[PDB]
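Enquirer: Data: run_17.cif, mmCIF, C-alpha atoms and all ligand atoms.
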```
data_run
#
loop_
_atom_site.group_PDB
_atom_site.id
_atom_site.type_symbol
_atom_site.label_atom_id
_atom_site.label_comp_id
_atom_site.auth_asym_id
_atom_site.auth_seq_id
_atom_site.Cartn_x
_atom_site.Cartn_y
_atom_site.Cartn_z
ATOM 1 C CA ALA A 1 121.013 120.581 116.076
ATOM 2 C CA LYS A 2 117.488 119.542 115.083
ATOM 3 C CA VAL A 3 116.546 119.974 111.438
ATOM 4 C CA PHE A 4 112.902 120.993 111.900
ATOM 5 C CA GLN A 5 110.972 123.126 114.351
ATOM 6 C CA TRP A 6 108.949 120.011 115.272
ATOM 7 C CA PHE A 7 109.542 116.302 114.837
ATOM 8 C CA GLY A 8 107.703 113.617 116.707
ATOM 9 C CA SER A 9 104.915 111.095 116.874
ATOM 10 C CA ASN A 10 101.201 110.642 117.210
ATOM 11 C CA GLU A 11 100.216 109.052 120.519
ATOM 12 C CA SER A 12 97.025 107.184 119.672
ATOM 13 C CA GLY A 13 94.635 105.309 121.921
ATOM 14 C CA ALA A 14 92.140 107.726 123.443
ATOM 15 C CA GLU A 15 90.180 107.630 120.167
ATOM 16 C CA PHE A 16 90.140 103.812 119.912
ATOM 17 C CA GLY A 17 86.923 101.817 119.895
ATOM 18 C CA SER A 18 85.111 104.825 118.467
ATOM 19 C CA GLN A 19 81.991 102.706 117.880
ATOM 20 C CA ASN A 20 81.484 102.692 121.675
ATOM 21 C CA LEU A 21 80.471 106.091 123.047
ATOM 22 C CA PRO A 22 81.138 107.094 125.729
ATOM 23 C CA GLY A 23 83.029 103.831 125.976
ATOM 24 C CA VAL A 24 85.024 102.620 128.964
ATOM 25 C CA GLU A 25 88.603 103.649 129.673
ATOM 26 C CA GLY A 26 90.870 100.614 129.794
ATOM 27 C CA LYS A 27 88.402 98.594 127.677
ATOM 28 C CA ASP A 28 87.439 100.585 124.559
ATOM 29 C CA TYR A 29 90.235 103.164 124.717
ATOM 30 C CA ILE A 30 93.402 104.033 126.614
ATOM 31 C CA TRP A 31 95.551 107.121 127.042
ATOM 32 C CA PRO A 32 99.229 107.289 126.035
ATOM 33 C CA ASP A 33 101.884 105.930 128.359
ATOM 34 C CA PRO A 34 103.900 108.854 129.808
ATOM 35 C CA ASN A 35 106.902 106.532 130.253
ATOM 36 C CA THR A 36 107.108 105.568 126.593
ATOM 37 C CA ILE A 37 106.616 109.204 125.626
ATOM 38 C CA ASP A 38 109.589 109.901 127.888
ATOM 39 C CA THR A 39 111.645 107.422 125.845
ATOM 40 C CA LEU A 40 110.734 109.168 122.582
ATOM 41 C CA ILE A 41 111.586 112.554 124.127
ATOM 42 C CA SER A 42 114.991 111.123 125.080
ATOM 43 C CA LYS A 43 115.566 110.183 121.426
ATOM 44 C CA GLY A 44 114.962 113.834 120.523
ATOM 45 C CA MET A 45 111.280 114.029 119.540
ATOM 46 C CA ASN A 46 109.715 117.336 120.601
ATOM 47 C CA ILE A 47 106.065 117.051 119.480
ATOM 48 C CA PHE A 48 103.358 114.535 120.361
ATOM 49 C CA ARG A 49 99.912 114.598 118.779
ATOM 50 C CA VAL A 50 97.166 113.232 121.014
ATOM 51 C CA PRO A 51 93.977 112.040 119.277
ATOM 52 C CA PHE A 52 90.767 112.003 121.301
ATOM 53 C CA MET A 53 87.040 111.856 120.504
ATOM 54 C CA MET A 54 85.000 115.063 120.634
ATOM 55 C CA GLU A 55 82.048 113.023 121.948
ATOM 56 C CA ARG A 56 84.070 111.613 124.824
ATOM 57 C CA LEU A 57 85.469 115.020 125.799
ATOM 58 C CA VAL A 58 82.194 116.965 125.353
ATOM 59 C CA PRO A 59 79.310 114.460 125.171
ATOM 60 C CA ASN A 60 75.864 114.874 123.618
ATOM 61 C CA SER A 61 76.147 118.497 122.496
ATOM 62 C CA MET A 62 79.468 120.038 121.538
ATOM 63 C CA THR A 63 78.312 123.288 123.195
ATOM 64 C CA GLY A 64 77.945 121.506 126.543
ATOM 65 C CA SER A 65 80.223 120.928 129.494
ATOM 66 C CA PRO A 66 83.205 118.574 129.240
ATOM 67 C CA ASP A 67 83.222 115.102 130.693
ATOM 68 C CA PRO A 68 85.433 115.581 133.771
ATOM 69 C CA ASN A 69 87.017 112.116 133.793
ATOM 70 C CA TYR A 70 87.978 112.038 130.119
ATOM 71 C CA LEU A 71 89.133 115.674 130.318
ATOM 72 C CA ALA A 72 91.286 114.818 133.342
ATOM 73 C CA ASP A 73 93.182 112.205 131.335
ATOM 74 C CA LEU A 74 93.586 114.559 128.368
ATOM 75 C CA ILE A 75 95.047 117.159 130.729
ATOM 76 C CA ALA A 76 97.306 114.554 132.358
ATOM 77 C CA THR A 77 98.558 113.362 128.964
ATOM 78 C CA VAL A 78 99.141 116.920 127.688
ATOM 79 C CA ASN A 79 100.730 118.422 130.756
ATOM 80 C CA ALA A 80 103.147 115.533 131.069
ATOM 81 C CA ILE A 81 104.308 116.059 127.470
ATOM 82 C CA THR A 82 104.748 119.774 128.058
ATOM 83 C CA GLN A 83 106.451 119.457 131.459
ATOM 84 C CA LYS A 84 109.393 118.055 129.465
ATOM 85 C CA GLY A 85 109.386 120.974 127.019
ATOM 86 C CA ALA A 86 107.774 119.049 124.164
ATOM 87 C CA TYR A 87 104.696 120.361 122.371
ATOM 88 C CA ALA A 88 101.376 118.545 122.809
ATOM 89 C CA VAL A 89 98.899 118.676 119.911
ATOM 90 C CA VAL A 90 95.301 118.414 121.116
ATOM 91 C CA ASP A 91 93.585 116.598 118.245
ATOM 92 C CA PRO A 92 89.792 116.030 118.136
ATOM 93 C CA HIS A 93 90.120 113.018 115.827
ATOM 94 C CA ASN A 94 86.708 113.525 114.357
ATOM 95 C CA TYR A 95 86.838 113.872 110.565
ATOM 96 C CA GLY A 96 84.622 116.945 110.667
ATOM 97 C CA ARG A 97 81.842 114.874 112.235
ATOM 98 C CA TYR A 98 80.188 114.606 115.620
ATOM 99 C CA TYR A 99 78.179 111.458 116.378
ATOM 100 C CA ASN A 100 78.950 110.542 112.760
ATOM 101 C CA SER A 101 77.138 113.618 111.351
ATOM 102 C CA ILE A 102 78.910 116.436 109.528
ATOM 103 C CA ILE A 103 79.503 119.407 111.823
ATOM 104 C CA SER A 104 77.314 121.872 109.942
ATOM 105 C CA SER A 105 77.240 124.605 112.640
ATOM 106 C CA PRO A 106 80.431 126.715 112.787
ATOM 107 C CA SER A 107 79.007 128.550 115.797
ATOM 108 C CA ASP A 108 78.564 125.296 117.746
ATOM 109 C CA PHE A 109 82.097 124.302 116.752
ATOM 110 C CA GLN A 110 83.374 127.686 117.952
ATOM 111 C CA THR A 111 81.808 127.099 121.381
ATOM 112 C CA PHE A 112 83.354 123.627 121.544
ATOM 113 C CA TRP A 113 86.711 125.211 120.750
ATOM 114 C CA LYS A 114 86.374 127.971 123.361
ATOM 115 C CA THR A 115 85.595 125.227 125.879
ATOM 116 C CA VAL A 116 88.663 123.201 124.931
ATOM 117 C CA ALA A 117 90.997 126.176 124.664
ATOM 118 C CA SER A 118 89.898 127.444 128.078
ATOM 119 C CA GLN A 119 91.361 124.249 129.570
ATOM 120 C CA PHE A 120 94.823 124.917 128.088
ATOM 121 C CA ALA A 121 95.016 128.687 127.617
ATOM 122 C CA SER A 122 98.016 129.290 129.860
ATOM 123 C CA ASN A 123 100.091 126.439 128.427
ATOM 124 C CA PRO A 124 102.194 127.808 125.525
ATOM 125 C CA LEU A 125 103.349 124.324 124.516
ATOM 126 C CA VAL A 126 99.841 123.149 123.674
ATOM 127 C CA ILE A 127 98.973 123.146 119.972
ATOM 128 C CA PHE A 128 95.306 123.121 118.984
ATOM 129 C CA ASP A 129 94.408 121.015 115.944
ATOM 130 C CA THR A 130 90.985 122.019 114.631
ATOM 131 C CA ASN A 131 89.916 118.499 113.595
ATOM 132 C CA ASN A 132 91.581 115.455 112.085
ATOM 133 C CA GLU A 133 91.037 114.809 108.352
ATOM 134 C CA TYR A 134 87.922 116.608 107.168
ATOM 135 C CA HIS A 135 86.565 114.699 104.176
ATOM 136 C CA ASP A 136 83.553 114.228 101.916
ATOM 137 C CA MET A 137 81.932 117.512 102.911
ATOM 138 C CA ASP A 138 81.338 121.042 101.654
ATOM 139 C CA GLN A 139 84.577 122.929 100.946
ATOM 140 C CA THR A 140 83.356 126.309 102.203
ATOM 141 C CA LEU A 141 82.156 124.579 105.369
ATOM 142 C CA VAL A 142 85.671 123.203 105.958
ATOM 143 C CA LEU A 143 87.076 126.728 105.706
ATOM 144 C CA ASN A 144 84.384 128.036 108.036
ATOM 145 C CA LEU A 145 84.938 125.303 110.636
ATOM 146 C CA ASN A 146 88.667 125.997 110.748
ATOM 147 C CA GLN A 147 87.970 129.722 111.123
ATOM 148 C CA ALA A 148 85.382 129.068 113.835
ATOM 149 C CA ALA A 149 87.937 126.967 115.725
ATOM 150 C CA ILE A 150 90.556 129.733 115.544
ATOM 151 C CA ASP A 151 88.015 132.315 116.677
ATOM 152 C CA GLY A 152 86.923 130.176 119.627
ATOM 153 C CA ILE A 153 90.500 129.418 120.657
ATOM 154 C CA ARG A 154 91.605 133.041 120.574
ATOM 155 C CA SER A 155 88.379 134.181 122.299
ATOM 156 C CA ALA A 156 89.436 132.042 125.287
ATOM 157 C CA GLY A 157 92.674 134.002 125.626
ATOM 158 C CA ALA A 158 94.747 131.087 124.285
ATOM 159 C CA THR A 159 96.878 133.417 122.173
ATOM 160 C CA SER A 160 100.397 132.012 122.528
ATOM 161 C CA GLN A 161 99.585 128.628 120.984
ATOM 162 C CA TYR A 162 100.009 127.440 117.433
ATOM 163 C CA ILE A 163 96.841 126.288 115.694
ATOM 164 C CA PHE A 164 97.103 123.413 113.230
ATOM 165 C CA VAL A 165 94.395 123.796 110.590
ATOM 166 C CA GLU A 166 93.397 120.845 108.407
ATOM 167 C CA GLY A 167 91.869 120.706 104.963
ATOM 168 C CA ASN A 168 89.376 118.533 103.111
ATOM 169 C CA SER A 169 90.348 115.309 101.300
ATOM 170 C CA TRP A 170 91.687 113.882 104.577
ATOM 171 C CA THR A 171 94.016 116.954 104.656
ATOM 172 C CA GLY A 172 96.217 115.119 102.144
ATOM 173 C CA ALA A 173 99.302 116.910 100.921
ATOM 174 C CA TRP A 174 99.040 115.336 97.449
ATOM 175 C CA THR A 175 95.537 116.704 96.796
ATOM 176 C CA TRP A 176 96.047 119.986 98.654
ATOM 177 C CA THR A 177 96.437 122.400 95.745
ATOM 178 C CA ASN A 178 93.433 121.167 93.776
ATOM 179 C CA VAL A 179 91.067 120.759 96.740
ATOM 180 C CA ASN A 180 92.039 123.157 99.539
ATOM 181 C CA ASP A 181 92.996 126.438 97.868
ATOM 182 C CA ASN A 182 90.254 128.287 99.775
ATOM 183 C CA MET A 183 92.176 127.568 103.017
ATOM 184 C CA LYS A 184 94.560 130.402 102.053
ATOM 185 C CA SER A 185 92.031 132.866 103.524
ATOM 186 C CA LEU A 186 92.099 131.683 107.146
ATOM 187 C CA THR A 187 92.968 134.459 109.602
ATOM 188 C CA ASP A 188 94.515 134.444 113.094
ATOM 189 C CA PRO A 189 95.310 137.526 115.190
ATOM 190 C CA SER A 190 98.232 135.625 116.718
ATOM 191 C CA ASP A 191 99.689 134.858 113.256
ATOM 192 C CA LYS A 192 100.270 131.245 114.357
ATOM 193 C CA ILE A 193 98.373 129.154 111.783
ATOM 194 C CA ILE A 194 100.201 126.039 110.608
ATOM 195 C CA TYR A 195 98.692 124.132 107.686
ATOM 196 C CA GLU A 196 98.688 120.493 108.786
ATOM 197 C CA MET A 197 98.730 118.009 105.909
ATOM 198 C CA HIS A 198 98.944 114.215 106.050
ATOM 199 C CA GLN A 199 100.773 111.992 103.600
ATOM 200 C CA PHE A 200 100.805 108.235 103.373
ATOM 201 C CA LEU A 201 102.905 106.373 100.853
ATOM 202 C CA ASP A 202 100.894 103.323 99.787
ATOM 203 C CA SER A 203 99.112 103.042 96.441
ATOM 204 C CA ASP A 204 95.928 104.847 97.426
ATOM 205 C CA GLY A 205 97.376 107.099 100.126
ATOM 206 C CA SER A 206 95.172 105.534 102.799
ATOM 207 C CA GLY A 207 98.078 104.375 104.946
ATOM 208 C CA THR A 208 96.646 100.870 105.223
ATOM 209 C CA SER A 209 99.356 98.894 103.401
ATOM 210 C CA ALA A 210 102.961 98.542 104.546
ATOM 211 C CA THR A 211 104.007 98.630 100.859
ATOM 212 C CA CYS A 212 105.053 101.992 99.383
ATOM 213 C CA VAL A 213 104.561 102.916 95.723
ATOM 214 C CA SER A 214 108.221 103.788 95.133
ATOM 215 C CA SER A 215 111.355 105.052 96.818
ATOM 216 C CA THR A 216 110.490 108.643 95.831
ATOM 217 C CA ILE A 217 106.711 108.722 96.395
ATOM 218 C CA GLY A 218 106.876 110.893 99.520
ATOM 219 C CA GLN A 219 108.785 113.730 97.881
ATOM 220 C CA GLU A 220 106.571 113.386 94.797
ATOM 221 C CA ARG A 221 103.337 113.649 96.785
ATOM 222 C CA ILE A 222 104.305 116.721 98.827
ATOM 223 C CA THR A 223 105.968 118.815 96.109
ATOM 224 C CA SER A 224 102.920 120.720 94.888
ATOM 225 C CA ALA A 225 101.805 121.410 98.457
ATOM 226 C CA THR A 226 105.272 122.810 99.187
ATOM 227 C CA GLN A 227 104.913 125.248 96.285
ATOM 228 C CA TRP A 228 101.404 126.254 97.414
ATOM 229 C CA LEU A 229 102.645 127.045 100.918
ATOM 230 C CA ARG A 230 105.544 129.138 99.635
ATOM 231 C CA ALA A 231 103.562 130.990 96.979
ATOM 232 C CA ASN A 232 100.801 131.749 99.489
ATOM 233 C CA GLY A 233 103.147 132.770 102.314
ATOM 234 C CA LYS A 234 102.010 129.982 104.652
ATOM 235 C CA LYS A 235 103.716 127.449 106.905
ATOM 236 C CA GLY A 236 102.946 123.736 107.003
ATOM 237 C CA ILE A 237 103.505 120.585 109.006
ATOM 238 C CA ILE A 238 103.150 116.930 108.058
ATOM 239 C CA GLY A 239 100.896 115.858 110.926
ATOM 240 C CA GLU A 240 100.693 112.163 109.970
ATOM 241 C CA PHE A 241 102.964 110.091 107.736
ATOM 242 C CA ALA A 242 104.123 106.496 107.755
ATOM 243 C CA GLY A 243 105.587 103.727 105.650
ATOM 244 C CA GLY A 244 106.286 100.070 106.220
ATOM 245 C CA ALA A 245 109.523 98.662 107.651
ATOM 246 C CA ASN A 246 111.009 97.831 104.264
ATOM 247 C CA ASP A 247 113.615 99.252 101.912
ATOM 248 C CA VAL A 248 111.339 101.036 99.423
ATOM 249 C CA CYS A 249 109.363 102.765 102.181
ATOM 250 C CA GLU A 250 112.480 103.599 104.195
ATOM 251 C CA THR A 251 114.010 105.219 101.123
ATOM 252 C CA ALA A 252 110.745 107.100 100.450
ATOM 253 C CA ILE A 253 110.658 108.320 104.042
ATOM 254 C CA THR A 254 114.273 109.519 103.912
ATOM 255 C CA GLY A 255 113.710 111.161 100.538
ATOM 256 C CA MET A 256 110.567 112.939 101.740
ATOM 257 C CA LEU A 257 112.201 114.225 104.907
ATOM 258 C CA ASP A 258 115.338 115.261 103.021
ATOM 259 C CA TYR A 259 113.197 117.213 100.563
ATOM 260 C CA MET A 260 111.351 118.787 103.473
ATOM 261 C CA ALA A 261 114.700 119.743 105.080
ATOM 262 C CA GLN A 262 115.491 121.689 101.884
ATOM 263 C CA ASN A 263 112.203 123.586 102.288
ATOM 264 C CA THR A 264 112.119 124.563 105.941
ATOM 265 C CA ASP A 265 110.994 128.054 104.934
ATOM 266 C CA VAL A 266 107.577 126.387 104.676
ATOM 267 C CA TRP A 267 107.879 122.965 106.402
ATOM 268 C CA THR A 268 107.929 123.179 110.201
ATOM 269 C CA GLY A 269 108.396 119.411 110.549
ATOM 270 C CA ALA A 270 106.718 116.041 110.628
ATOM 271 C CA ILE A 271 104.780 113.738 112.936
ATOM 272 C CA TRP A 272 104.843 109.957 112.524
ATOM 273 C CA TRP A 273 101.644 107.891 112.680
ATOM 274 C CA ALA A 274 101.673 106.373 115.240
ATOM 275 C CA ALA A 275 102.824 105.406 118.701
ATOM 276 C CA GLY A 276 100.479 104.485 121.528
ATOM 277 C CA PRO A 277 100.040 101.516 123.867
ATOM 278 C CA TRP A 278 97.378 99.409 122.048
ATOM 279 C CA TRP A 279 98.920 99.020 118.600
ATOM 280 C CA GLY A 280 100.388 95.531 119.090
ATOM 281 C CA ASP A 281 101.811 94.318 115.789
ATOM 282 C CA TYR A 282 100.588 97.374 113.847
ATOM 283 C CA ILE A 283 102.599 97.889 110.653
ATOM 284 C CA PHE A 284 103.443 101.479 111.663
ATOM 285 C CA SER A 285 103.824 101.162 115.431
ATOM 286 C CA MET A 286 106.295 103.676 116.878
ATOM 287 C CA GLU A 287 105.643 102.505 120.443
ATOM 288 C CA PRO A 288 108.823 101.627 122.388
ATOM 289 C CA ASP A 289 110.289 99.174 122.712
ATOM 290 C CA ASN A 290 108.857 96.641 120.234
ATOM 291 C CA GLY A 291 106.793 98.559 117.678
ATOM 292 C CA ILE A 292 108.061 97.660 114.222
ATOM 293 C CA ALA A 293 108.505 101.332 113.331
ATOM 294 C CA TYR A 294 110.302 101.963 116.621
ATOM 295 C CA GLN A 295 112.632 99.073 115.759
ATOM 296 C CA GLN A 296 113.262 99.730 112.072
ATOM 297 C CA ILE A 297 112.100 103.258 111.155
ATOM 298 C CA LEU A 298 113.385 105.275 114.130
ATOM 299 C CA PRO A 299 117.056 104.715 113.091
ATOM 300 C CA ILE A 300 116.274 106.598 109.850
ATOM 301 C CA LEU A 301 114.476 109.391 111.705
ATOM 302 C CA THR A 302 117.217 110.130 114.237
ATOM 303 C CA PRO A 303 119.329 112.061 111.657
ATOM 304 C CA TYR A 304 116.705 114.836 111.847
ATOM 305 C CA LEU A 305 116.487 114.952 115.657
HETATM 306 O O1 LIG A 401 93.420 111.582 97.831
HETATM 307 N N1 LIG A 401 93.139 110.457 97.682
HETATM 308 O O2 LIG A 401 93.069 109.902 96.413
HETATM 309 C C1 LIG A 401 92.844 109.624 98.810
HETATM 310 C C2 LIG A 401 92.945 110.138 100.087
HETATM 311 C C3 LIG A 401 92.648 109.320 101.160
HETATM 312 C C4 LIG A 401 92.258 108.012 100.935
HETATM 313 O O3 LIG A 401 91.953 107.161 102.001
HETATM 314 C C5 LIG A 401 91.861 107.647 103.283
HETATM 315 O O4 LIG A 401 93.168 107.938 103.799
HETATM 316 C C6 LIG A 401 93.169 108.495 105.125
HETATM 317 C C7 LIG A 401 94.609 108.809 105.454
HETATM 318 O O5 LIG A 401 95.232 109.436 104.339
HETATM 319 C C8 LIG A 401 92.540 107.506 106.095
HETATM 320 O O6 LIG A 401 92.510 108.102 107.388
HETATM 321 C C9 LIG A 401 91.132 107.161 105.626
HETATM 322 O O7 LIG A 401 90.574 106.182 106.489
HETATM 323 C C10 LIG A 401 91.151 106.653 104.189
HETATM 324 O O8 LIG A 401 89.822 106.472 103.712
HETATM 325 C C11 LIG A 401 92.161 107.518 99.655
HETATM 326 CL CL1 LIG A 401 91.659 105.834 99.401
HETATM 327 C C12 LIG A 401 92.454 108.321 98.584
#
```
Hey, can you dump this file as structure tokens for me?

Expert:
Amino acid sequence: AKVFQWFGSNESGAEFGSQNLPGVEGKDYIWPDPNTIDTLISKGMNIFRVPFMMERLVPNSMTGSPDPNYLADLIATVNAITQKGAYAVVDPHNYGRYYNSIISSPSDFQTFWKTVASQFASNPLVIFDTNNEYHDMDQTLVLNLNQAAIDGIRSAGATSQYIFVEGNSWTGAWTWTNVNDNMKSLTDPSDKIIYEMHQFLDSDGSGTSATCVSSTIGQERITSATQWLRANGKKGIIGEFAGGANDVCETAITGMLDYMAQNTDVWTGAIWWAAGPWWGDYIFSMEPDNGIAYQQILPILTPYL
């Protein structure tokens, strides 16, 4: 049936308006629509990544208590995804930073992660994602933060769940081998680490242009990462990727996914960026029924579902 272990979409919105903390639900940010998630599940997607802000979930100090109202909506979003059998990725979309400062204390980060994991420890369809897109920060620190997250998660008794770890350089697949080699050393008593890498297809890899470099750029940019995963005995996932609704990008997307389908010994699947209810005319919107990617990219993703 399905080609990959996991194939689905980011469900963005709870991390919107990040300049406004705590911000106001329904004004600065919004949670995903369970009904449009239901539509994507019906099409065959089985994984939904849910960005949220660390500061909204655990304000002021990451070692403190959660904010009950924001936590309630995270739980509602997650448990609805998982009630249907799909996996829900809990993603503190924080770039290795808390109140815009590098998270320099692995012990504080471990406590944050025990707190979060304790809210989901009996749900085997939750996936914990240590942090979205570490960047511009010490490389040993990135390793140590990922390890601290794992340690906190497992200390909470959340042992059935996969943990998505992310590297430096915005966890890019194309820069993985030269930047993130030290990530090979991460340890997990559950043996459920997945190396989450992101790959955009525009000139600079920022995912801000709908134009892709070429019809083969996706395969090109993930090839070395694929060899690093295999040689190091690791498993990976593409946790964010996108291209514009045009021929070159559509061919790049197909070529990337086809290459990944030939390498499922290491690639567990792929997650599109992004669906969510506040994208409007976003160049990559996967939100049913009118997102441009839902209209023009989903027909090329269904062959893998
Ligand atoms: O590796 N690079 O040469 C490179 C990586 C990332 C870049 O831009 C960032 O891309 C992120 C997504 O891949 C995005 O979230 C972030 O906002 C961008 O700054 C560049 Cl330009 C280059």

Enquirer: Evaluate the PyMOL selection byres (((not hetatm)) within 7 of (chain A and resi 401)) on the structure here and hand back the selected residues as a PyMOL selection string.

Expert: chain A and resi 133+169-170+172+174-175+198-200+204-207

Enquirer: Got time to write the residues from that selection, C-alpha atoms, as a PDB file, in the coordinates of the input?

Expert:
```pdb
ATOM      1  CA  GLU A 133      91.037 114.809 108.352  1.00  0.00           C
ATOM      2  CA  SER A 169      90.348 115.309 101.300  1.00  0.00           C
ATOM      3  CA  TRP A 170      91.687 113.882 104.577  1.00  0.00           C
ATOM      4  CA  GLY A 172      96.217 115.119 102.144  1.00  0.00           C
ATOM      5  CA  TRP A 174      99.040 115.336  97.449  1.00  0.00           C
ATOM      6  CA  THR A 175      95.537 116.704  96.796  1.00  0.00           C
ATOM      7  CA  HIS A 198      98.944 114.215 106.050  1.00  0.00           C
ATOM      8  CA  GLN A 199     100.773 111.992 103.600  1.00  0.00           C
ATOM      9  CA  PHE A 200     100.805 108.235 103.373  1.00  0.00           C
ATOM     10  CA  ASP A 204      95.928 104.847  97.426  1.00  0.00           C
ATOM     11  CA  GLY A 205      97.376 107.099 100.126  1.00  0.00           C
ATOM     12  CA  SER A 206      95.172 105.534 102.799  1.00  0.00           C
ATOM     13  CA  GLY A 207      98.078 104.375 104.946  1.00  0.00           C
TER      14      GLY A 207
END
```

Enquirer: Taking all atoms listed in the file into account, name the residue in A:149, A:94, A:195, A:228 that is nearest to residue 177 (chain A).

Expert: A:228

Enquirer: Restricting the calculation to only C-alpha atoms: of A:73, A:166, A:151, A:265, which residue gets closest to residue 230 (chain A)?

Expert: A:265

Enquirer: In Å, rounded to a single decimal, give me how far CA of residue 201 (chain A) is from CA of residue 143 (chain A).

Expert: 26.2 Å

Enquirer: Kindly give the distance, in Å, that separates CA of residue 226 (chain A) and CA of residue 171 (chain A), rounded to a single decimal.

Expert: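 Between CA of residue 226 (chain A) and CA of residue 171 (chain A) the gap is 13.8 Å.
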
Enquirer: I'd like the neighbourhood of residue 267 (chain A) as an MDAnalysis selection string, where a residue qualifies if any of its atoms comes within 12 Å (using only C-alpha atoms), though same-chain residues fewer than 5 positions away should be ignored.

Expert: chainID A and resid 3:7 173 194:197 222:223 225:230 233:239 256:262

Enquirer: Report, in Å to a single decimal, how far apart CA of residue 208 (chain A) and CA of residue 134 (chain A) are.

Expert: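 Spanning CA of residue 134 (chain A) to CA of residue 208 (chain A) is a straight-line distance of 18.1 Å.
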
Enquirer: Residue 96 (chain A): which residues within 12 Å, counting all atoms listed in the file, same-chain residues fewer than 5 positions away excluded, as number ranges by chain?

Expert: A: 53-54, 91, 101-106, 109, 129-139, 141-146, 149, 165-171

Enquirer: Go through A:71, A:40, A:80, A:183 and flag the residue nearest residue 9 (chain A), using all atoms listed in the file for the distances.

Expert: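 So, comparing all the options, the nearest one is A:40.
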
Enquirer: Write out as a list in words each polymer residue whose atoms come within 12 Å of residue 27 (chain A), counting all atoms listed in the file; drop sequence neighbours fewer than 4 positions from it.

Expert: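 Residues meeting the cut-off are residues 13, 14, 15, 16, 17, 18, 20, 21, 22, 23, 31 and 278 of chain A.
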
Enquirer: Kindly compute an axis-aligned box around the listed atoms of region 284-299 of chain A, allowing 3 Å on each side, and express its centre and edge lengths in Å to one decimal as JSON.

Expert:
```
{"center_x": 110.2, "center_y": 101.0, "center_z": 116.9, "size_x": 19.6, "size_y": 14.6, "size_z": 17.6}
```

Enquirer: Point out the residue among A:2, A:60, A:244, A:29 with the least atom-to-atom distance to residue 44 (chain A), counting all atoms listed in the file.

Expert: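 Of A:2, A:60, A:244, A:29, the one nearest residue 44 (chain A), counting all atoms listed in the file, is A:2.
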
Enquirer: Can you pull out every residue within 10 Å of residue 191 (chain A), counting all atoms listed in the file, but drop anything in the same chain fewer than 6 positions away, and send it as a list in words?

Expert: residues 159, 160, 161, 162 and 163 of chain A
